[PDB]
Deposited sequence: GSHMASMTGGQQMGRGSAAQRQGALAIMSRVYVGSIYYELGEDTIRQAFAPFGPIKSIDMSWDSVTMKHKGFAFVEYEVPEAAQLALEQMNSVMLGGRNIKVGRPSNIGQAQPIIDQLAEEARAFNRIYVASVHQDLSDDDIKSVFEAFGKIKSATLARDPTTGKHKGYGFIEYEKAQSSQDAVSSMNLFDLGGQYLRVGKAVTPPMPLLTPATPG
């Protein structure tokens, strides 16, 4: 095999964060959150800060709950204009690369796609019906709050065939469902990566 459970977890953590730069001085955490939340609920944000000037240094690190959200944010939020500036989005610059590469390779063995911006009223069966228009589905599951049981606005769908997942991503990314636009992309990690 490759990567101790501990190594894999460290990689997953790094893969869940995106660097955001060129942030207008007047913009704060709440603006960033609003702009990046469509890709998955924000776990936390580490904003730069200067004690002498009493302001952030123009950049921040947004952390998501899963790697897939960071991947979509990276592909869709770069150069978007915020506060009059084109923000920059990238992967953290900080030995984890080989593990990250291994996870990406392992993910290709599944026809799994990540779906974000899922309206609160949609259920697992609702998402499944819609997405099975692209092909037979092995499983469709929305992530849920461990306490409430309410889904967190995102989930994963596994198809029996690769062509089905490819078609789904191409047709459903930015699809307007329930008033919001879904953010869809191929998985970048296998399911249960630390197993």
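**Student:** Checking coverage: what stretches of the deposited chain sequence are missing C-alpha positions?
**Tutor:** Holes in the chain trace, numbered from 1: 1-13, 108-109, 211-216.
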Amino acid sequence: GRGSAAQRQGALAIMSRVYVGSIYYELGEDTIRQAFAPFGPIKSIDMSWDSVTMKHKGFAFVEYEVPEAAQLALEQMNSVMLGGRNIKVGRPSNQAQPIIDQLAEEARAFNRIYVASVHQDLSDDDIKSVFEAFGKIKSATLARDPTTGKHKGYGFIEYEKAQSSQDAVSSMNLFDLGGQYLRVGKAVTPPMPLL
From here on, numbers count along this sequence of modelled residues.
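Each form is matched to the other, and the largest set of C-alpha atoms that superpose within 1.5 Å is called the rigid core.
**Student:** Would you say which of 73-81 and 119-127 moves more relative to the shown form in 4 other deposited structures of this protein, going by RMS C-alpha distance with the core superposed?
**Tutor:** After the core superposition, the stretch with higher RMS deviation in 4 other deposited structures of this protein is 73-81.
**Student:** Is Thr148 missing in a third or more of the other PDB entries that were compared?
**Tutor:** No, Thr148 is modelled in every one of the other compared entries that cover both of its flanks.
**Student:** Do a third or more of the other compared entries leave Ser51 out of the model?
**Tutor:** Yes.
**Student:** Which has the higher mean CA temperature factor in the PDB entry, 45-53 or 66-74?
**Tutor:** Looking at the recorded C-alpha B-factors, 45-53 comes out higher on average.
**Student:** Based on the entry's values, in what third of the chain does the Cα temperature factor of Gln95 lie: lowest, middle or highest?
**Tutor:** Highest third - that is where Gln95 ends up once the chain's C-alpha B-factors are sorted.
**Student:** Ranking the modelled residues of this chain by C-alpha B-factor as given in the entry, is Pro146 in the lowest, middle or highest third?
**Tutor:** According to the entry, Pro146 has a C-alpha B-factor in the chain's highest third.
**Student:** In terms of the chain's CA B-factor thirds, is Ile14 lowest, middle or highest?
**Tutor:** Its C-alpha B-factor belongs to the lowest third of this chain's values.
**Student:** Pull the Cα B-factor of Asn173 out of the PDB entry and bin it into the chain's lowest, middle or highest third.
**Tutor:** Within its chain, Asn173 is a lowest-third residue by C-alpha B-factor, going by the deposited values.
**Student:** By the record's CA B-factor, is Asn111 among the lowest, middle or highest third of residues in the chain?
**Tutor:** It belongs to the lowest third of the chain when residues are ordered by C-alpha B-factor.
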